[PDB]
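Asks: What follows is my_file-v4.cif; its format and atoms are mmCIF, C-alpha atoms and all ligand atoms.
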data_model
#
loop_
_atom_site.label_atom_id
_atom_site.label_comp_id
_atom_site.auth_asym_id
_atom_site.auth_seq_id
_atom_site.Cartn_x
_atom_site.Cartn_y
_atom_site.Cartn_z
CA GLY R 1 -26.29 -0.06 -95.68
CA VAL R 2 -25.92 3.60 -96.82
CA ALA R 3 -23.33 5.40 -99.06
CA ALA R 4 -24.57 8.98 -99.88
CA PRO R 5 -22.76 9.80 -102.20
CA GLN R 6 -20.93 6.43 -102.63
CA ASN R 7 -17.65 8.31 -103.58
CA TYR R 8 -17.52 10.30 -100.21
CA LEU R 9 -14.23 9.49 -98.52
CA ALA R 10 -14.39 10.47 -94.83
CA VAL R 11 -11.09 11.58 -93.29
CA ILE R 12 -10.52 10.00 -89.86
CA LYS R 13 -7.62 10.95 -87.58
CA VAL R 14 -6.67 9.17 -84.33
CA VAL R 15 -4.52 11.33 -82.01
CA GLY R 16 -2.64 9.63 -79.14
CA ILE R 17 -1.49 12.24 -76.59
CA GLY R 18 0.92 11.35 -73.77
CA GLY R 19 2.41 7.95 -72.92
CA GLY R 20 -0.76 5.85 -72.70
CA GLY R 21 -2.23 7.44 -75.83
CA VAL R 22 0.85 7.05 -78.04
CA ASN R 23 1.17 3.37 -76.88
CA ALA R 24 -2.55 2.67 -77.68
CA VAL R 25 -2.09 4.24 -81.18
CA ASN R 26 0.95 1.92 -81.79
CA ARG R 27 -1.22 -1.08 -80.74
CA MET R 28 -3.87 0.02 -83.37
CA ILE R 29 -1.08 0.20 -86.01
CA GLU R 30 0.17 -3.31 -84.95
CA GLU R 31 -3.41 -4.75 -85.18
CA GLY R 32 -3.69 -3.17 -88.66
CA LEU R 33 -6.58 -0.75 -87.93
CA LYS R 34 -7.55 0.58 -91.42
CA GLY R 35 -8.98 3.79 -92.94
CA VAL R 36 -7.53 6.15 -90.31
CA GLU R 37 -4.52 8.53 -90.02
CA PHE R 38 -2.39 8.01 -86.85
CA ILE R 39 -0.92 10.95 -84.94
CA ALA R 40 1.34 10.70 -81.86
CA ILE R 41 1.77 13.73 -79.53
CA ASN R 42 4.14 13.94 -76.56
CA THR R 43 6.24 16.50 -74.61
CA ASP R 44 9.04 13.89 -74.26
CA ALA R 45 10.87 13.61 -77.65
CA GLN R 46 12.61 10.30 -76.62
CA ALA R 47 9.16 8.75 -75.89
CA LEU R 48 8.18 9.50 -79.56
CA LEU R 49 11.05 7.64 -81.32
CA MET R 50 9.42 4.17 -81.15
CA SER R 51 6.06 5.50 -82.35
CA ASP R 52 5.09 4.18 -85.77
CA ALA R 53 2.42 6.91 -86.18
CA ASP R 54 2.12 8.69 -89.56
CA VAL R 55 2.74 12.08 -87.86
CA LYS R 56 4.69 12.62 -84.62
CA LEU R 57 4.53 15.95 -82.78
CA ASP R 58 6.97 16.97 -80.05
CA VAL R 59 5.02 19.65 -78.12
CA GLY R 60 7.80 19.91 -75.47
CA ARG R 61 10.30 22.75 -75.07
CA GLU R 62 13.39 23.46 -77.25
CA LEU R 63 16.78 22.17 -75.77
CA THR R 64 14.95 20.02 -73.06
CA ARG R 65 12.82 16.83 -72.42
CA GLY R 66 9.69 16.22 -70.24
CA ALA R 71 3.99 14.84 -64.31
CA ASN R 72 1.92 18.11 -63.91
CA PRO R 73 -1.26 18.44 -66.08
CA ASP R 74 -0.88 22.28 -66.25
CA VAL R 75 2.53 21.77 -68.01
CA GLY R 76 0.72 19.40 -70.46
CA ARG R 77 -2.03 21.96 -71.06
CA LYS R 78 0.49 24.80 -71.65
CA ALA R 79 2.64 22.60 -74.00
CA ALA R 80 -0.39 21.80 -76.24
CA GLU R 81 -1.69 25.42 -76.21
CA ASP R 82 1.81 26.65 -77.24
CA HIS R 83 1.68 24.22 -80.22
CA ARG R 84 -1.94 25.01 -81.19
CA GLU R 85 -0.99 26.07 -84.80
CA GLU R 86 1.14 22.85 -85.21
CA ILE R 87 -1.73 20.61 -83.92
CA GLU R 88 -4.22 22.51 -86.10
CA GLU R 89 -2.24 21.87 -89.34
CA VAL R 90 -2.06 18.08 -88.67
CA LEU R 91 -5.85 17.86 -87.90
CA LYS R 92 -6.90 20.06 -90.90
CA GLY R 93 -9.11 18.10 -93.32
CA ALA R 94 -10.57 15.63 -90.81
CA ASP R 95 -14.28 14.78 -90.77
CA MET R 96 -13.67 12.98 -87.49
CA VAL R 97 -10.97 13.12 -84.79
CA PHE R 98 -10.40 10.63 -81.91
CA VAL R 99 -8.48 11.97 -78.92
CA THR R 100 -6.96 9.10 -76.94
CA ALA R 101 -4.99 9.18 -73.68
CA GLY R 102 -4.26 7.37 -70.45
CA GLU R 103 -5.63 9.93 -67.96
CA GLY R 104 -3.53 10.59 -64.81
CA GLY R 105 -0.14 11.78 -66.19
CA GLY R 106 0.87 15.28 -67.23
CA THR R 107 0.81 15.33 -71.08
CA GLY R 108 -2.36 13.27 -71.68
CA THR R 109 -4.42 14.76 -68.78
CA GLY R 110 -3.63 18.42 -69.59
CA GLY R 111 -3.06 18.12 -73.35
CA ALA R 112 -6.12 16.10 -74.50
CA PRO R 113 -8.69 18.97 -73.78
CA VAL R 114 -6.57 21.33 -75.99
CA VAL R 115 -6.43 18.70 -78.85
CA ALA R 116 -10.22 18.20 -78.55
CA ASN R 117 -10.82 21.99 -78.65
CA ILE R 118 -8.65 22.28 -81.82
CA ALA R 119 -10.51 19.37 -83.52
CA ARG R 120 -13.93 20.96 -82.78
CA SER R 121 -12.77 24.44 -84.06
CA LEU R 122 -12.21 22.55 -87.41
CA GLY R 123 -15.73 21.14 -87.22
CA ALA R 124 -14.65 17.53 -86.81
CA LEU R 125 -16.88 15.02 -84.94
CA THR R 126 -14.58 14.78 -81.86
CA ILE R 127 -14.53 11.58 -79.82
CA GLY R 128 -12.49 11.11 -76.64
CA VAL R 129 -11.42 7.56 -75.70
CA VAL R 130 -9.60 7.55 -72.38
CA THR R 131 -8.75 5.26 -69.50
CA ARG R 132 -8.99 5.89 -65.74
CA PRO R 133 -5.67 4.73 -64.17
CA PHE R 134 -5.21 1.36 -62.39
CA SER R 135 -5.54 1.47 -58.61
CA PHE R 136 -1.88 0.38 -58.32
CA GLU R 137 -0.94 3.69 -60.05
CA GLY R 138 -2.03 5.44 -56.80
CA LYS R 139 -4.18 8.28 -55.45
CA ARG R 140 -2.47 11.40 -57.04
CA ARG R 141 -2.84 9.91 -60.58
CA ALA R 142 -6.49 8.96 -59.87
CA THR R 143 -7.14 12.57 -58.58
CA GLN R 144 -5.39 14.14 -61.66
CA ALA R 145 -7.27 11.77 -64.01
CA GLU R 146 -10.66 12.82 -62.58
CA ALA R 147 -9.92 16.57 -63.07
CA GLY R 148 -8.56 15.71 -66.57
CA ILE R 149 -11.74 13.84 -67.60
CA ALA R 150 -14.00 16.71 -66.29
CA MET R 151 -11.95 19.11 -68.57
CA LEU R 152 -12.03 16.82 -71.64
CA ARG R 153 -15.86 16.15 -71.33
CA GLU R 154 -16.45 19.89 -72.06
CA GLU R 155 -14.27 19.84 -75.25
CA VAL R 156 -15.49 16.63 -77.03
CA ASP R 157 -18.75 15.58 -78.77
CA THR R 158 -18.68 12.21 -76.96
CA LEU R 159 -16.28 10.98 -74.23
CA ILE R 160 -15.82 7.21 -73.71
CA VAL R 161 -14.26 6.62 -70.25
CA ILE R 162 -12.86 3.11 -69.58
CA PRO R 163 -11.83 2.20 -66.00
CA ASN R 164 -8.52 0.26 -66.11
CA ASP R 165 -9.48 -1.29 -62.71
CA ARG R 166 -12.38 -3.19 -64.32
CA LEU R 167 -9.96 -4.84 -66.84
CA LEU R 168 -7.84 -6.96 -64.40
CA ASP R 172 -8.98 -14.16 -61.29
CA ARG R 173 -5.16 -14.73 -61.55
CA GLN R 174 -2.28 -12.22 -60.93
CA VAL R 175 -1.12 -10.33 -64.07
CA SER R 176 2.14 -8.36 -64.41
CA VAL R 177 2.21 -4.50 -64.74
CA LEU R 178 3.31 -5.13 -68.38
CA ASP R 179 0.20 -7.35 -69.04
CA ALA R 180 -2.08 -4.77 -67.31
CA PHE R 181 -0.77 -1.96 -69.61
CA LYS R 182 -1.07 -4.25 -72.71
CA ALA R 183 -4.75 -4.78 -71.79
CA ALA R 184 -5.26 -0.99 -71.41
CA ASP R 185 -3.87 -0.44 -75.01
CA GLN R 186 -6.18 -3.19 -76.30
CA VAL R 187 -9.34 -1.59 -74.73
CA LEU R 188 -8.54 1.89 -76.20
CA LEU R 189 -8.14 0.13 -79.62
CA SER R 190 -11.60 -1.56 -79.09
CA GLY R 191 -13.14 1.88 -78.38
CA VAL R 192 -11.78 3.35 -81.64
CA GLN R 193 -12.13 0.27 -83.92
CA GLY R 194 -15.72 -0.31 -82.70
CA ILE R 195 -16.74 2.92 -84.48
CA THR R 196 -14.23 3.30 -87.39
CA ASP R 197 -14.55 -0.27 -88.81
CA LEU R 198 -18.26 0.42 -89.45
CA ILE R 199 -17.89 3.73 -91.36
CA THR R 200 -18.85 3.34 -95.12
CA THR R 201 -15.83 3.64 -97.47
CA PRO R 202 -16.05 3.93 -101.37
CA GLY R 203 -15.00 0.21 -101.52
CA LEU R 204 -17.23 -1.16 -98.68
CA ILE R 205 -20.82 0.17 -98.00
CA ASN R 206 -21.94 -0.15 -94.31
CA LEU R 207 -22.83 2.64 -91.71
CA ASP R 208 -22.85 6.22 -93.17
CA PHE R 209 -20.65 8.88 -91.39
CA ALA R 210 -23.88 11.03 -90.99
CA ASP R 211 -25.49 8.19 -88.93
CA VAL R 212 -22.48 7.98 -86.55
CA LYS R 213 -22.48 11.81 -86.30
CA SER R 214 -26.26 11.87 -85.43
CA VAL R 215 -25.63 9.54 -82.42
CA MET R 216 -22.17 10.85 -81.26
CA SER R 217 -22.55 14.67 -81.93
CA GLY R 218 -22.90 16.58 -78.63
CA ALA R 219 -23.98 13.29 -76.93
CA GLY R 220 -21.75 13.85 -73.87
CA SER R 221 -20.67 10.89 -71.70
CA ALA R 222 -20.40 7.36 -73.12
CA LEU R 223 -19.78 3.87 -71.76
CA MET R 224 -18.45 0.82 -73.57
CA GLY R 225 -19.07 -2.91 -73.31
CA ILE R 226 -17.06 -5.69 -75.02
CA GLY R 227 -17.96 -9.38 -75.47
CA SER R 228 -16.67 -12.45 -77.35
CA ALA R 229 -17.99 -15.99 -77.86
CA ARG R 230 -17.69 -19.22 -79.92
CA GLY R 231 -20.11 -22.10 -80.62
CA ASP R 232 -23.86 -22.30 -81.40
CA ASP R 233 -25.18 -19.00 -79.91
CA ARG R 234 -21.80 -17.17 -80.36
CA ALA R 235 -23.54 -13.91 -81.54
CA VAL R 236 -26.17 -13.74 -78.73
CA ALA R 237 -23.64 -14.87 -76.03
CA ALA R 238 -21.08 -12.26 -77.22
CA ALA R 239 -23.81 -9.53 -77.17
CA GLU R 240 -25.01 -10.74 -73.67
CA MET R 241 -21.40 -10.48 -72.38
CA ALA R 242 -21.00 -6.95 -73.84
CA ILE R 243 -24.27 -5.53 -72.39
CA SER R 244 -23.33 -7.05 -68.94
CA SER R 245 -19.57 -6.06 -69.22
CA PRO R 246 -18.04 -4.45 -66.04
CA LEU R 247 -16.82 -1.47 -68.19
CA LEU R 248 -20.49 -0.70 -69.27
CA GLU R 249 -21.94 -1.30 -65.69
CA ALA R 250 -25.50 -1.89 -67.27
CA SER R 251 -26.59 1.76 -67.96
CA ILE R 252 -27.77 1.12 -71.62
CA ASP R 253 -31.47 1.84 -70.60
CA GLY R 254 -30.47 5.49 -69.86
CA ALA R 255 -28.65 6.12 -73.17
CA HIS R 256 -30.19 8.41 -75.87
CA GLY R 257 -28.08 6.58 -78.47
CA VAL R 258 -26.48 3.14 -78.83
CA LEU R 259 -23.85 2.05 -81.37
CA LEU R 260 -23.46 -1.73 -81.89
CA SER R 261 -20.47 -3.24 -83.66
CA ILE R 262 -20.58 -6.96 -84.56
CA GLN R 263 -17.31 -8.55 -85.79
CA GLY R 264 -17.15 -12.13 -87.09
CA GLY R 265 -15.42 -14.63 -89.37
CA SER R 266 -16.08 -15.33 -93.08
CA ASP R 267 -19.08 -17.56 -92.11
CA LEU R 268 -20.94 -14.68 -90.30
CA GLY R 269 -24.64 -14.96 -91.19
CA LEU R 270 -27.41 -12.34 -91.32
CA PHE R 271 -29.65 -14.35 -88.92
CA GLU R 272 -27.23 -14.29 -85.92
CA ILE R 273 -26.34 -10.57 -86.63
CA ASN R 274 -30.08 -9.72 -86.28
CA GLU R 275 -30.39 -11.88 -83.08
CA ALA R 276 -27.54 -9.89 -81.38
CA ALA R 277 -28.96 -6.61 -82.81
CA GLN R 278 -32.45 -7.17 -81.25
CA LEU R 279 -30.89 -8.32 -77.94
CA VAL R 280 -28.99 -4.98 -77.67
CA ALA R 281 -32.11 -3.04 -78.91
CA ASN R 282 -34.28 -4.80 -76.20
CA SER R 283 -31.88 -3.59 -73.44
CA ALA R 284 -31.78 0.03 -74.71
CA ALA R 285 -34.57 2.62 -74.13
CA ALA R 286 -37.58 2.47 -76.53
CA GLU R 287 -36.93 6.12 -77.59
CA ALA R 288 -33.14 5.50 -78.18
CA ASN R 289 -31.45 5.85 -81.59
CA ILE R 290 -29.83 2.46 -82.40
CA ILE R 291 -27.18 2.25 -85.13
CA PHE R 292 -25.45 -1.04 -85.84
CA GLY R 293 -22.93 -2.42 -88.29
CA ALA R 294 -21.35 -5.82 -88.94
CA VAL R 295 -17.89 -6.51 -90.42
CA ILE R 296 -15.99 -9.62 -91.49
CA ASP R 297 -12.49 -10.25 -90.08
CA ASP R 298 -11.50 -13.60 -91.70
CA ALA R 299 -8.83 -14.07 -88.92
CA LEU R 300 -11.61 -14.56 -86.26
CA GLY R 301 -12.80 -18.02 -87.41
CA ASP R 302 -15.68 -19.32 -85.23
CA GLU R 303 -15.41 -16.25 -82.93
CA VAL R 304 -17.89 -13.33 -82.75
CA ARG R 305 -16.80 -10.05 -81.08
CA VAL R 306 -19.37 -7.46 -79.94
CA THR R 307 -18.73 -3.80 -78.95
CA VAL R 308 -21.54 -1.66 -77.51
CA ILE R 309 -21.22 2.12 -77.02
CA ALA R 310 -24.01 3.77 -74.96
CA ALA R 311 -23.90 7.59 -75.48
CA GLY R 312 -25.88 10.52 -74.03
CA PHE R 313 -27.21 10.48 -70.43
CL CL G 401 -6.13 2.03 -94.97
CL CL G 402 10.73 26.48 -75.37
MG MG G 403 -2.13 3.50 -92.55
MG MG G 404 7.33 -0.43 -83.93
MG MG G 405 8.66 23.43 -80.29
MG MG G 406 -14.69 2.28 -92.68
#
Please, can you express the file's structure as structure tokens?
Replies:
Amino acid sequence: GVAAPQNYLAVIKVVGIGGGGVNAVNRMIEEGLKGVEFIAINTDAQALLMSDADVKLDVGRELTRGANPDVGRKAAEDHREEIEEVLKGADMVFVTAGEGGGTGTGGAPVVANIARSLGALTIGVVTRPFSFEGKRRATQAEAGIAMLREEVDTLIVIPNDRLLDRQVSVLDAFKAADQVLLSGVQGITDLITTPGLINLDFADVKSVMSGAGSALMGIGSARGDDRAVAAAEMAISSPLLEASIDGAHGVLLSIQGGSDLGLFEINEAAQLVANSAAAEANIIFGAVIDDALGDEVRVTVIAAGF
């Protein structure tokens, strides 16, 4: 555990841009994600009214509302000064979106570029659309991700197709997509040392995530005797991570447990993840207590730099 100096308060901002992004940010607010500022950005003013974000930005046109990523790109570039003033002061900025639409696809690279011009550690957390969303959205998402990769420090890409065996509604599918974008953000933020709780220093996260490039995520959860090892096993074998950990230059491990979380099982899960990663990889890990979990252990692995 490191706090240098122990009074340093890191400023973290989570931007949701477009429909999927604004929805994921609201899910983080509902789940009570702490220590971060929430920002919602959309071109559609009506789609911003239910957002509970701290700051809401309508980057659409005057006297009009509202598919095309170029429109999304132009809307964000035309509101560059407005986006800049809401990101000013951040040590770290997350850019989150559901790739495939107009606003998120086109707008997220502009948000990422503004965050980096302010020297923030800039992390993209996006989803690839579900197959049922169709070919055009999948095509637009792929061009959108290629654009965003060039404007962020690290880009976590989560395929929505690897989330959904029983039939789930479109509503349940989109609820699961919000939940996975929250896991991507919370995995990192919950570990960052705060003046009231010493854990992983912001400099350590920055050393792994800064200019790392592409990143993959794995999630796992277990109960019982070997709950920590079994959760870690599930995360390193997760369909979203597609077992590439051996290629990563850096690995971030987040262990979340109940009030009875012991140091021994934390270390067991830590060495299991370390054994799967490359010998020359930088491994940073943190553990946090969420009293609501009970006899459950949740593991999040982020493999960055390939
Ligand atoms: Cl807080
Ligand atoms: Cl206008
Ligand atoms: Mg708050
Ligand atoms: Mg609400
Ligand atoms: Mg305007
Ligand atoms: Mg923190």
Asks: Neighbours of ligand MG 406 (chain G) at 12 Å or closer, counting only C-alpha atoms and all ligand atoms: which residues, as a PDB file with C-alpha atoms, in the coordinates of the input?
Replies:
ATOM      1  CA  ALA R   3     -23.330   5.400 -99.060  1.00  0.00           C
ATOM      2  CA  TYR R   8     -17.520  10.300-100.210  1.00  0.00           C
ATOM      3  CA  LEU R   9     -14.230   9.490 -98.520  1.00  0.00           C
ATOM      4  CA  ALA R  10     -14.390  10.470 -94.830  1.00  0.00           C
ATOM      5  CA  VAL R  11     -11.090  11.580 -93.290  1.00  0.00           C
ATOM      6  CA  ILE R  12     -10.520  10.000 -89.860  1.00  0.00           C
ATOM      7  CA  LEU R  33      -6.580  -0.750 -87.930  1.00  0.00           C
ATOM      8  CA  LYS R  34      -7.550   0.580 -91.420  1.00  0.00           C
ATOM      9  CA  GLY R  35      -8.980   3.790 -92.940  1.00  0.00           C
ATOM     10  CA  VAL R  36      -7.530   6.150 -90.310  1.00  0.00           C
ATOM     11  CA  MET R  96     -13.670  12.980 -87.490  1.00  0.00           C
ATOM     12  CA  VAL R 192     -11.780   3.350 -81.640  1.00  0.00           C
ATOM     13  CA  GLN R 193     -12.130   0.270 -83.920  1.00  0.00           C
ATOM     14  CA  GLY R 194     -15.720  -0.310 -82.700  1.00  0.00           C
ATOM     15  CA  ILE R 195     -16.740   2.920 -84.480  1.00  0.00           C
ATOM     16  CA  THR R 196     -14.230   3.300 -87.390  1.00  0.00           C
ATOM     17  CA  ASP R 197     -14.550  -0.270 -88.810  1.00  0.00           C
ATOM     18  CA  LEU R 198     -18.260   0.420 -89.450  1.00  0.00           C
ATOM     19  CA  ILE R 199     -17.890   3.730 -91.360  1.00  0.00           C
ATOM     20  CA  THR R 200     -18.850   3.340 -95.120  1.00  0.00           C
ATOM     21  CA  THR R 201     -15.830   3.640 -97.470  1.00  0.00           C
ATOM     22  CA  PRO R 202     -16.050   3.930-101.370  1.00  0.00           C
ATOM     23  CA  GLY R 203     -15.000   0.210-101.520  1.00  0.00           C
ATOM     24  CA  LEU R 204     -17.230  -1.160 -98.680  1.00  0.00           C
ATOM     25  CA  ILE R 205     -20.820   0.170 -98.000  1.00  0.00           C
ATOM     26  CA  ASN R 206     -21.940  -0.150 -94.310  1.00  0.00           C
ATOM     27  CA  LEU R 207     -22.830   2.640 -91.710  1.00  0.00           C
ATOM     28  CA  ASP R 208     -22.850   6.220 -93.170  1.00  0.00           C
ATOM     29  CA  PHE R 209     -20.650   8.880 -91.390  1.00  0.00           C
ATOM     30  CA  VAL R 212     -22.480   7.980 -86.550  1.00  0.00           C
ATOM     31  CA  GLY R 293     -22.930  -2.420 -88.290  1.00  0.00           C
ATOM     32  CA  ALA R 294     -21.350  -5.820 -88.940  1.00  0.00           C
ATOM     33  CA  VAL R 295     -17.890  -6.510 -90.420  1.00  0.00           C
TER      34      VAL R 295
END
Asks: Go through R:97, R:4, R:279, R:29 and flag the residue nearest ligand MG 403 (chain G), using all atoms listed in the file for the distances.
Replies: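 Among the listed residues, the smallest separation from ligand MG 403 (chain G) belongs to R:29.
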Asks: Can you tell me which residues surround residue 253 (chain R) at a distance of at most 6 Å, considering only C-alpha atoms, apart from same-chain residues fewer than 2 positions away, and format the answer as a PDB file with C-alpha atoms, keeping the file's coordinate frame?
Replies:
ATOM      1  CA  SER R 251     -26.590   1.760 -67.960  1.00  0.00           C
ATOM      2  CA  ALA R 255     -28.650   6.120 -73.170  1.00  0.00           C
ATOM      3  CA  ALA R 284     -31.780   0.030 -74.710  1.00  0.00           C
ATOM      4  CA  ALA R 285     -34.570   2.620 -74.130  1.00  0.00           C
TER       5      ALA R 285
END
Asks: Kindly give the distance, in Å, that separates CA of residue 275 (chain R) and CA of residue 235 (chain R), rounded to a single decimal.
Replies: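 One can read the CA of residue 275 (chain R) to CA of residue 235 (chain R) distance as 7.3 Å.
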Asks: Would you be able to write out as a PDB file with C-alpha atoms, in the frame of the given file which residues have an atom within 12 Å of (-3.5, 12.9, -88.0) in the file's coordinates, counting only C-alpha atoms?
Replies:
ATOM      1  CA  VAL R  11     -11.090  11.580 -93.290  1.00  0.00           C
ATOM      2  CA  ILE R  12     -10.520  10.000 -89.860  1.00  0.00           C
ATOM      3  CA  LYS R  13      -7.620  10.950 -87.580  1.00  0.00           C
ATOM      4  CA  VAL R  14      -6.670   9.170 -84.330  1.00  0.00           C
ATOM      5  CA  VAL R  15      -4.520  11.330 -82.010  1.00  0.00           C
ATOM      6  CA  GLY R  16      -2.640   9.630 -79.140  1.00  0.00           C
ATOM      7  CA  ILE R  17      -1.490  12.240 -76.590  1.00  0.00           C
ATOM      8  CA  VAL R  25      -2.090   4.240 -81.180  1.00  0.00           C
ATOM      9  CA  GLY R  35      -8.980   3.790 -92.940  1.00  0.00           C
ATOM     10  CA  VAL R  36      -7.530   6.150 -90.310  1.00  0.00           C
ATOM     11  CA  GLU R  37      -4.520   8.530 -90.020  1.00  0.00           C
ATOM     12  CA  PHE R  38      -2.390   8.010 -86.850  1.00  0.00           C
ATOM     13  CA  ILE R  39      -0.920  10.950 -84.940  1.00  0.00           C
ATOM     14  CA  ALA R  40       1.340  10.700 -81.860  1.00  0.00           C
ATOM     15  CA  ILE R  41       1.770  13.730 -79.530  1.00  0.00           C
ATOM     16  CA  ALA R  53       2.420   6.910 -86.180  1.00  0.00           C
ATOM     17  CA  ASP R  54       2.120   8.690 -89.560  1.00  0.00           C
ATOM     18  CA  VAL R  55       2.740  12.080 -87.860  1.00  0.00           C
ATOM     19  CA  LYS R  56       4.690  12.620 -84.620  1.00  0.00           C
ATOM     20  CA  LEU R  57       4.530  15.950 -82.780  1.00  0.00           C
ATOM     21  CA  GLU R  86       1.140  22.850 -85.210  1.00  0.00           C
ATOM     22  CA  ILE R  87      -1.730  20.610 -83.920  1.00  0.00           C
ATOM     23  CA  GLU R  88      -4.220  22.510 -86.100  1.00  0.00           C
ATOM     24  CA  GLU R  89      -2.240  21.870 -89.340  1.00  0.00           C
ATOM     25  CA  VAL R  90      -2.060  18.080 -88.670  1.00  0.00           C
ATOM     26  CA  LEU R  91      -5.850  17.860 -87.900  1.00  0.00           C
ATOM     27  CA  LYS R  92      -6.900  20.060 -90.900  1.00  0.00           C
ATOM     28  CA  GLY R  93      -9.110  18.100 -93.320  1.00  0.00           C
ATOM     29  CA  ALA R  94     -10.570  15.630 -90.810  1.00  0.00           C
ATOM     30  CA  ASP R  95     -14.280  14.780 -90.770  1.00  0.00           C
ATOM     31  CA  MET R  96     -13.670  12.980 -87.490  1.00  0.00           C
ATOM     32  CA  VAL R  97     -10.970  13.120 -84.790  1.00  0.00           C
ATOM     33  CA  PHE R  98     -10.400  10.630 -81.910  1.00  0.00           C
ATOM     34  CA  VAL R  99      -8.480  11.970 -78.920  1.00  0.00           C
ATOM     35  CA  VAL R 115      -6.430  18.700 -78.850  1.00  0.00           C
ATOM     36  CA  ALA R 119     -10.510  19.370 -83.520  1.00  0.00           C
TER      37      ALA R 119
END
Asks: R:300, R:276, R:270, R:215: which is nearest residue 230 (chain R), counting all atoms listed in the file?
Replies: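 Ranked by minimum distance to residue 230 (chain R), first place goes to R:300.
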Asks: Give me, as a tab-separated table, each residue of chain R that comes within 8 Å of ligand CL 402 (chain G), together with its shortest interatomic pair and the distance in Å at one decimal, counting only C-alpha atoms and all ligand atoms, with rows ordered by chain and rising residue number.
Replies:
residue	atom	partner	partner_atom	distance
R:60	CA	G:CL402	CL	7.2
R:61	CA	G:CL402	CL	3.8
R:62	CA	G:CL402	CL	4.4
R:63	CA	G:CL402	CL	7.4
Asks: Go through R:113, R:32, R:1, R:106 and flag the residue nearest ligand MG 403 (chain G), using all atoms listed in the file for the distances.
Replies: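 Smallest separation from ligand MG 403 (chain G) among the options: R:32.
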Asks: R:221, R:72, R:307, R:135: which is nearest residue 260 (chain R), counting only C-alpha atoms?
Replies: R:307
Asks: CA of residue 30 (chain R) and CA of residue 130 (chain R), how far apart in Å?
Replies: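 Computing the Euclidean distance for CA of residue 130 (chain R) and CA of residue 30 (chain R) yields 19.3 Å.
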Asks: So what do you get for CA of residue 244 (chain R) versus CA of residue 149 (chain R), distance-wise?
Replies: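 Separating CA of residue 244 (chain R) from CA of residue 149 (chain R) is a distance of 23.9 Å.
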